[PDB]
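Per-entry structural report
Below are the chains, spelled out letter by letter.
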Amino acid sequence: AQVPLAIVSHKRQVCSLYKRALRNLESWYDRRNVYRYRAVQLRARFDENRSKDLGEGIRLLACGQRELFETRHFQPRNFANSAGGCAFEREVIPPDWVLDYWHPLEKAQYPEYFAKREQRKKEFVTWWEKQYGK
Amino acid sequence: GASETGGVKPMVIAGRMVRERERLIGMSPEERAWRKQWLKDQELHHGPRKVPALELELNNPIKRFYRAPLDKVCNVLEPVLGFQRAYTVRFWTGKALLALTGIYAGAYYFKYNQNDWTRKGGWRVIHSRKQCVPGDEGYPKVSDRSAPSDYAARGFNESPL
Amino acid sequence: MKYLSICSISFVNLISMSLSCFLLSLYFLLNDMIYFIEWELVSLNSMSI
Amino acid sequence: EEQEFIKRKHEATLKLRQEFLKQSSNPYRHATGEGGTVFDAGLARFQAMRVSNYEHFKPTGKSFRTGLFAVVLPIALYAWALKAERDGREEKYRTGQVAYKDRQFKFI
Amino acid sequence: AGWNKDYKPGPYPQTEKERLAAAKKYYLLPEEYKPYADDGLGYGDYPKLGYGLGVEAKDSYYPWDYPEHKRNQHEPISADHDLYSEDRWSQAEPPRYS
Amino acid sequence: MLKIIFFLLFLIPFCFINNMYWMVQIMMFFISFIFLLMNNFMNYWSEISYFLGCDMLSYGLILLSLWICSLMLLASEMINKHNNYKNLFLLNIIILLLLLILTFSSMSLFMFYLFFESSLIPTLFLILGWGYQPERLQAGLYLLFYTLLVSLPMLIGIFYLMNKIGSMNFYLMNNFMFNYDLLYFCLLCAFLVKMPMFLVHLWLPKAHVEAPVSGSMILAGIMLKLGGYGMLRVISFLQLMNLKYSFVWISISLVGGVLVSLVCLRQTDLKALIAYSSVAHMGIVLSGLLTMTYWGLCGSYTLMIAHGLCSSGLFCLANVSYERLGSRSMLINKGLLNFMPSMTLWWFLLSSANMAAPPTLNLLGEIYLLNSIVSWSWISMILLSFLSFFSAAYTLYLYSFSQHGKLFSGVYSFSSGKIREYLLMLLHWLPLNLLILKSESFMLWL
Amino acid sequence: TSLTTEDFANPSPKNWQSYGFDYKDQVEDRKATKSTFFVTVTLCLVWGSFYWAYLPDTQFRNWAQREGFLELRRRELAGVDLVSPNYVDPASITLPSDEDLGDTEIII
Amino acid sequence: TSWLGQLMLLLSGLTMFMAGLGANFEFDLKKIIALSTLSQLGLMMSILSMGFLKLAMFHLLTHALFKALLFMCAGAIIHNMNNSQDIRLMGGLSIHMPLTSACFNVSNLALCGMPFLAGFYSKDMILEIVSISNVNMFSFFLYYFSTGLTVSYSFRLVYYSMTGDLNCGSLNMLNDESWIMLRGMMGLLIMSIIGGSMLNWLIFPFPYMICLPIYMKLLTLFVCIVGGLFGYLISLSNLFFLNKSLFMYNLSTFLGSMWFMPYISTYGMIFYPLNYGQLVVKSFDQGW
Amino acid sequence: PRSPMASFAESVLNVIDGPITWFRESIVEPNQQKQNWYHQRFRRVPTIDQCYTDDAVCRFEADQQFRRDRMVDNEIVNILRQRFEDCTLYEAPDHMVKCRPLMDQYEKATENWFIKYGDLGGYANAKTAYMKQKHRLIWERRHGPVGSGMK
Amino acid sequence: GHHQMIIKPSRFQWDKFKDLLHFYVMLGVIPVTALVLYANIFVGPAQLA
Amino acid sequence: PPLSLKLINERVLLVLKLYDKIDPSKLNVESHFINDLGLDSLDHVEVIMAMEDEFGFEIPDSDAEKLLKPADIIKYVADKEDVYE
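Residues numbered from 1 in each chain as written, not as in the entry; some residues may be left out. Chains lettered and ligands numbered in written order. Part of a larger assembly, values for the part shown. Heavy atoms only, no water.

Per the deposited record, the coordinates in this entry were obtained by cryo-EM to a resolution of 3.28 Å.

Okay, the overall build of chain E next. Of regular secondary structure, chain E possesses one helix and zero strands. Projected onto its principal axes, the C-alpha coordinates of chain E cover approximately 40 × 35 × 25 Å. By the burial criterion, 48% of the 98 residues in chain E qualify as buried. Nonlocal contacts in chain E, meaning residues at least 24 apart in sequence, comprise 43% of its contacts between residues at least 6 apart. When the accessible surface of chain E is summed, it comes to about 4700 Å², and 55% of that surface belongs to carbon and sulfur atoms. Charge centroids of chain E, computed over 13 positive and 18 negative side chains, lie 4 Å from each other. (Helix = DSSP H or I, 4+ residues; strand = E, 2+ residues; numbered from the N terminus. Buried < 20%, exposed > 50% of the residue type's maximum accessible area, 1.4 Å probe, protein only. Contact = heavy atoms within 4.5 Å. Areas by Shrake-Rupley, 256 points an atom, 1.4 Å probe, with all protein chains shown as cover. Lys, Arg positive; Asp, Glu negative; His and termini not counted. Charge placed at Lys NZ, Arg CZ, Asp CG, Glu CD.)

The subject of this paragraph is the overall build of chain B. A tally of helices and strands in chain B yields six helices and two strands. Reading the secondary structure of chain B in the N-to-C direction produces α-α-β-α-α-α-α-β. The C-alpha atoms of chain B give a radius of gyration of 34 Å, which is well past the 15 Å a tight globule of 161 residues would have. Along the three orthogonal principal directions, the C-alpha set of chain B runs to about 95 × 50 × 50 Å. Within chain B, residue pairs in contact and separated by at least 24 positions form 20% of the contacts whose partners lie at least 6 positions apart. When the accessible surface of chain B is split by element, carbon and sulfur atoms take 60% of a total near 9400 Å². Taken together, the 27 basic and 17 acidic charged side chains of chain B have centroids lying 1 Å from each other. (Rg over C-alpha atoms; globule rule 2.2 N^0.38 Å.)

Below, the discussion takes up unusual backbone geometry. The linkage connecting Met195 of chain F with the following residue, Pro196 of chain F, adopts the cis geometry, with an omega of -5°. Cis geometry marks the peptide bond from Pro358 of chain F to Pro359 of chain F, where omega comes out at -5°. Counting through the fold element by element, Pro359 of chain F comes out in the loop between α17 (341-354) and α18 (361-376). Of note, the phi angle at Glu89 of chain A is positive, near 45°, even though the residue is not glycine. A relative accessible area of 49% means that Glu89 of chain A is categorised as partly exposed.

The subject of this paragraph is the nonpolar core. Judged by nonpolar contacts, the single largest core of 252 residues is most densely connected at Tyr59 and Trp346 of chain F. Aside from chain neighbours lying at most four places away, what touches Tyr59 of chain F is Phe35, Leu36, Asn39, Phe41, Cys54 and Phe442 of chain F together with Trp52 of chain G. Counting residues in each nonpolar core, the second largest holds 40 residues, with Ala19, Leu69, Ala74 and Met162 of chain H among its members. (Core = buried A, V, L, I, M, F, W, Y, C linked by side-chain atoms within 4.5 Å.)

With that out of the way, let us pick up the packing of aromatic side chains. Scanning all chains against the criterion turns up 114 aromatic pairs over all chains. Taking 6.4 Å as the distance between ring centres and 75° as the angle between the ring planes, the aromatic pair formed by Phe204 of chain H and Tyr208 of chain H counts as edge-to-face. Judged by relative accessible area, which is 37%, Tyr208 of chain H ranks as partly exposed. In textbook terms, an aromatic cluster arises when at least three aromatic residues are bridged by ring pairs, as seen for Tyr36, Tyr43, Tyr51, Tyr84 and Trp89 of chain E together with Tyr263, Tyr267, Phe271 and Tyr272 of chain H. Lying over the aromatic face of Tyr93 of chain D, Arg103 of chain D brings its terminal NZ or CZ to 4.4 Å of the ring centre. In this structure, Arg328 of chain F is placed above the aromatic ring of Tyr322 of chain F, and the distance from its NZ or CZ to the ring centre is 5.4 Å. (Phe/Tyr/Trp six-rings, centres within 6.5 Å; stacked < 30°, edge-to-face > 60°. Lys NZ or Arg CZ within 6 Å of the ring centre and 35° of its normal.)

Residue and element names in this part refer to chain B. On inspection of all chains with the given rule, the structure shows 72 salt bridges over all chains. With its nearest N and O atoms 3.1 Å apart, the salt bridge here joins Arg90 to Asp71. Pair noted here: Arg90 is in helix α6 (residues 83-112) and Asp71 is in helix α5 (residues 68-81), with a separation of 19 residues, a long-range link. Of the residues examined, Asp71 reaches a relative accessible area of 31% and is grouped as partly exposed. (Salt bridge = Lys/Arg side-chain N within 4 Å of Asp/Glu carboxyl O.)

With eleven residues of chain D at the interface, the matching set in chain I holds 18 residues. Roughly 1300 Å² of surface becomes buried between chain D and chain I when both sides are summed, with 64% attributable to carbon and sulfur atoms. For chain D, the biggest contributors to the area lost against chain I are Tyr100, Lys106 and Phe107 of chain D; these three give 52% of the whole. Taken together, the connections running from chain D to chain I amount to two salt bridges. Of the charged contacts, one joins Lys101 of chain D and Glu111 of chain I as a salt bridge, the two residues approaching to 2.3 Å between their closest N and O atoms. At the boundary of chain D with chain I, the tally comes to three residue pairs in polar contact. Residue composition of the side of chain D that touches chain I, grouped by class: four nonpolar, three polar and four charged. (Buried area = accessible area lost by both parts, 1.4 Å probe. Polar contact = N/O pair within 3.5 Å; in protein donor to acceptor, adjacent residues only side chain to side chain. Nonpolar A, V, L, I, M, F, W, Y, C, P; charged D, E, K, R; others polar.)

All names here are of chain F. Among all positions in helix α1 (residues 2-10), only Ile4, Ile5 and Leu8 are buried. Angular distribution of buried residues about the axis of α1 spans 95°; they occupy a single face of the element. With respect to the buried face of α1, the exposed residues turned more than 90 degrees away are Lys3 and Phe10. In this fold, the buried residues of α1 make contact with α2 (21-37), β2 (52-54) and α5 (86-105). (Arc of directions from axis to C-beta.)

Time to look at the packing of helix α6 (residues 118-132) of chain H against helix α7 (residues 137-163) of chain H. All names here are of chain H. It is at 10 Å that the axes of α6 and α7 come closest, and there the two elements cross at 155°. The angle between α6 and α7 falls in the class roughly antiparallel. For the pair α6 and α7, the crossing hand works out as left-handed. For the pair α6 and α7, the contacting residues are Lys123, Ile126, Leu127, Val130 and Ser131 in the first and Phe140, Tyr143, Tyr144 and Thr147 in the second. Of the residues that constitute the contact of α6 with α7, the class distribution is six nonpolar, two polar and one charged. (Axes fitted to C-alpha atoms, helices over the stretch in contact; angles between N-to-C directions. Parallel < 35°, antiparallel > 145°, perpendicular 65-115°, else oblique. Left-handed = near helix turned anticlockwise from the far one by under 90°.)

Residue-level contacts link 34 residues of chain G with 38 residues of chain I. In this assembly, chain G and chain I are joined by two salt bridges. Linking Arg83 of chain I and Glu76 of chain G is a salt bridge whose minimum nitrogen-to-oxygen distance equals 3.1 Å. One can count eleven residue pairs in polar contact joining chain G with chain I. When residues of the side of chain G that touches chain I are traced back to their parent elements, those giving at least two are α2 (62-77) and α3 (98-101) of chain G. At twelve residues, α2 of chain G tops the list of elements feeding residues into the side of chain G that touches chain I. For the side of chain G that touches chain I, the residue count by class is 19 nonpolar, six polar and nine charged.

So, on to the environment of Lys132 of chain I. Its location among the elements puts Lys132 of chain I in helix α4 (residues 126-143). With relative accessibility at 12%, the residue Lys132 of chain I sits in the buried group. Taking C-alpha positions, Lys132 of chain I is 9.4 Å from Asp119 of chain I, a pair spaced 13 residues apart along the chain. Contacts of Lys132 of chain I, omitting those with residues within four sequence positions, involve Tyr100 of chain D, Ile108 of chain G together with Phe114, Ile115, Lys116, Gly118, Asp119 and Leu120 of chain I.

Turning next to the arrangement of the chains. Among the 37 pairs of chains that make contact, the interface with the largest number of contacts is formed by chains G and I. No part of chain C reaches chain J; the closest C-alpha pair between them is 13 Å apart.

A few words now on the side chain of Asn39 of chain F. Within the element layout of this structure, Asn39 of chain F appears in the loop between α2 and β1 (46-49). Polar contacts involving the side chain of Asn39 of chain F include one to the side chain of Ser441 of chain F, which spans 2.9 Å. With sequence-adjacent residues up to four places away left out, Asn39 of chain F is seen in contact with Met56, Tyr59 and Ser441 of chain F together with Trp52, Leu55 and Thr58 of chain G.

Between its first and last C-alpha, α17 of chain F extends 21 Å over 14 residues, near the 20 Å set by a 1.5 Å rise per residue. Here α17 of chain F lies mainly inside the structure; eleven of its 14 residues are buried. Looking only at α17 of chain F, the buried set comprises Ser342, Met343, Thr344, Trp346, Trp347, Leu349, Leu350, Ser351, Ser352, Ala353 and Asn354 of chain F. For α17 of chain F, the elements touching its buried residues are α15 (270-291), α16 (294-325), α18, α19 (381-403) and α20 (419-434) of chain F together with α1 (12-43) of chain J. Looking one or two residues past α17 of chain F, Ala356 of chain F carries a phi angle of roughly 60°, positive in sign. (Expected span 1.5 Å × (residues − 1).)

Locating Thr123 of chain F in the fold gives a position in helix α7 (residues 120-130). In contact with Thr123 of chain F, not counting residues within four places along its chain, are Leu96, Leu143, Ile218 and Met223 of chain F.

Relative to the elements of secondary structure, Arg420 of chain F occurs in helix α20. As a C-alpha pair, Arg420 of chain F and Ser391 of chain F span 29 residues in sequence and 30 Å in three-dimensional space. Contacts of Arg420 of chain F, omitting those with residues within four sequence positions, involve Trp22, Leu74, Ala75 and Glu77 of chain F together with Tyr19, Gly20 and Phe21 of chain G. Within the local environment of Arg420 of chain F, its side chain forms a polar contact with the backbone oxygen of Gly20 of chain G, the two atoms lying 2.8 Å apart.

See below:
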């Protein structure tokens, strides 16, 4: 996989500030017809600065970020099913190895399922040895 | 020896992909295939089998008899209404019977073994005066308890000593 | 229990208990009763818990 | 400049991540049944530090000033309050001021 | 696995050659490492980390080794992590006002 | 009373025969049952035998030990599983129990001291012999040397009392009231250490964190009570001197209880946190005891029984978790509700009892010490409110933090809870509730 | 090995799971479990608690309550204060006259 | 009878007032109902401080009836949404959820004070007794102002949920075929229509008498009318309006955070005791 | 049974009472045996004043007697509390007029109780209680009744 | 049918423990009930004479 | 209910087609936004916001840089919902 690198380009700082600015805009003006109206204007303010020097842009983000924080909503919207959401990761699933400690009679209620897991265990070791050099 | 796991050698099979973030960042083709296989195994195409062994290993002899009688009416009625309908009648004919005998024992206790002056423990009842209203017997009714000995007698006025 | 939902079992118990208590509350309203039963644990210094 | 430093740490932590997965899903160590955890120096250092502090303690004045107001004066001021209040209350009783009608907490 | 006596902090670092080994000893590159002031209540050569807005302000979407603590594999732990933990005195964003 | 003693003595050889570990507890549990039948005691001493009697005060404390010392054998099944000098281990407890039975059943003050400390050495062997971590040395000495340092001067105070009273017997001592300032400090500073008091508690977090599970039981179960039991016998003839210096002890313990509760919140070790919780409650016990009122005395006796069973109980659970997770730190131990959900029930009930939750016997005793302290001075309401508030602040942190969150990541596979563990937990908590029914007996020792 | 769909559905009565009392001898493990339950529960808790309840009145607390009623009736009828404020009658006592005291501290 | 009556009345009045305003800024469905519950608790505590038991007891039972129903309605609504409590996502449920919306409407009106529902019999008599006794001028205003606020947020919730145009996500599980959930609700729903009148004939063996001028007896209805319109009308919006909540940003944040009580009690306090734990153990248990 | 429900109420009370009375009369009472139990009587023993300062048995005799009398006196207060307890429940709403005499009996008993056993704490014994009385009486003749202060 | 294996810790030990405890508590309850029933019904209480 | 992969392919393209600053012809599984379709960075941000609302979650700003073609977005949503069919 790929682990993100902490260094963030100035181009990305503007990107993030734009995303936060719009999401904050939704909270204030919930309604889509109003939101789309105001969101369009918000995009305009960025295009009237797109043609500027970076060092000038450094001044823009500073006041651009502060005014956002100075205008943060008192109850910002989130998505209930994701990080920070009210309903995020409600359930916790133990690690797989729990199943292997069932009483042998308990396992008899799902003989097919435990039959398969032990075929997978044979495959898993060979998979693990190759990946990490055993 | 006593094998807790019963032979089956405990391990972890799911690997990285259980955690959501570890999936989004990236997954090699083999991992994706493995992850797809894992989910396909979690599907069960039958309900749990009924193991006779548990039903005796988790029912003590006392319980197997203490319930024996009312399980005969479950056996008698289960072809008349279906196992679900009949068993509900077995559960409510039984659990309700305990309640009926529960009140009577409670009703009995508060009628003879209520706390008296010769013990400290036991439930002690001090009821109030019923609202006497016109039409009731002897409307100008008065509390018969006047002297201090009347109050909190706890059956002491009628003791022999 | 093994074949009855604990919610299904629970509901009938509480409602019947609730219904019975409702009848009593009517009875206590009519007579304006006050009953005060109490069980005693321990006593000392002319006191009682 | 400092950008490389951020990259130095990244690849540095990256080796740690790879090593963790090897131990984390180690079938052979899970295979023990012994139970326990992946060996983590970070927790080990923290746990050990939490226990030993006298080694690095010194009566430096800041510590004395910290410790002084921390417990000693709350104890001293409050122990003084208890002695004061009871002495005043006690004096009435010894003098005979309070009739037995008015004595509080008769049964205590 | 070792024991506490094999992991307790060393005495406050006094030299650059000593700092570099100390930073090595905690899996830190030599620039993060910063011992406590050693007024006399110091924790020895133990690093000083966190003390900011708190644990919950760390990036949630990063693929942590220990998501539950929001910590990596061998990374050290702040001496006051028990106070700036996610459930203790911490916040996701800076407070609006003083 | 000799029925108990000679029963224990002839159970000593069972340590030597092999495959007799489990036959020992049954003999230890059965004797508790036999002892449980002979309750006909009163405030005054009864069942005299050559120097051994028992009143209502001594009875409950004796019966507490037999129960606790019997649970030690259940808890420490690992010693049997690895044959780790189990025979010697058994002999340590059988000897230790005998010293306790004599200590409480002794009728003369000199004897109480004679077996008071003598029980220490069997405890000291227990820590060094079967403790895991290297610090059992540096915690072995603290337990031995704090106690000896303050018990040896007590021996002088005991002998000085013969030359005035002419005897040690407790009843004959109560007829006197002494006025010497130092003598007061030579019979209470020796027990204030073992309670412990807040400023001289430095041994308690070390002994409990390092001692084995069984040593944790008895250290938290009976050793903290020998200090409490001793005071109840020797404030009878220190009433006059107690009034001049009580306000020093009350303030320290009360303020000590609050400050330790904050220290509990900043702990990160299960064993440490439970041990510091012992100092918190023992501060209330000592505080009410020195109030000397009828309530403060009966209540203190009650809470000592209840707290011992609970704190002993909570040391079971820490051992259970430590046995599998392998680490006793809070960071390792998380979300155990998702590994051992059946276990988490017992965590709650024992935890709830520690915070004076009903209907436990703990709340009955705590209501009383609170009454005596308030009557002693209305200024005591300030921290006594704080201490009861924070006494739940860490208990929730202990329970919630260790049971609720998401599971640890690095933990390797481990066994689930066994029937032995569940049975152990029941015997800890279940009496702690049913005892409320017959508090008649384990309360009115005066 | 490579267990089958019936080795999980036909539980082998060969290996066993321990109840925490022993890990080597199966019959021993069950044997200790049974006896330990009997004494701890069937005797200490069931028989003990039963016997406790019917324990004779050893503290003389039930007996008192009988006195508290009889003793109250006799003296409520006798024209005497319901609780006597004197441990022994004041007239029976012989006070040391003032000259005897000689400034001895008197407390209430 | 004592000075505590003076204090309890003041503290209760603020509680019912504060959440009355707070309910008009909160956006979580689950929370708005919670502040609604808390707001009416202050109403009991205040009338209770006047010295009336049946009035407090009567309203208490009434509150339990319909307030339980409201939460049941919320649970069905939320479970059909993607587990999101926010009202800004919901909308147009009066047609997508016929049965549940109908179950809510009765409960909400009972809170509103539509005559001869469960809530009306309790709220009415309470407000009438307030205007009959010797009250404080400040307390009287809060009593009637809260009723306006009580209806204000309640229809504000109507707009964001039923009358408002739908504002959900692309994939919506809108459905109202959960009979097992619904059957239990109709138990409460029946009671919320008769719970009021039934208890009036039972709770009060000696009914209270009231005789007040028209221009105060009608005040309870009139404010409810103003509140319902004011809450509904202001909830509307257009393209060229003023975000009054945004403009008075400082005030909205104050009223939208329940007067910073969560901050005061959770972030303005816990810092201090926990540090003290370190200084003690740092300087005594391993120091002095 | 002028009320409808009260007519239904009595119907149930017949159902729960009918069996238990029969069961009590049919099985329990008829099959039991006749047996009598008595009431402990304690011969008064010499007070602590007669006891010498060197003998312990005589002190032990009085200390136990003092304690038994304490229990009787602890709960003679308890009985008087229960009377005012019961009158308040059996006479409400007009209970102030009727409980007022009972409370007067109660408050007097408490003071006499507190004059005798009061302020001794635990470890109160015959010697201590008697010695409080001696000091109390001396103060009475010198400074008059307590609560008036000293001279 | 169509159900998904949801992984949970074993309950057998706890299930067994609840059974064993219930057995042995009953194993004592029947005797004491016999005695207390025998005592109260046949021997009965004394009479305060 | 399960979110089939084919639907994800449909749902993604539906949103993109509705986006008015893109070509319905060039628009395909393999096209690039900033390279082929001439999307700006700010334009690329708005697209992700639509994707978030489309499926109901947050796409982290750090991880949005991997999403340079609708196939990647399709893969991303599939990974999050672990629908590999």
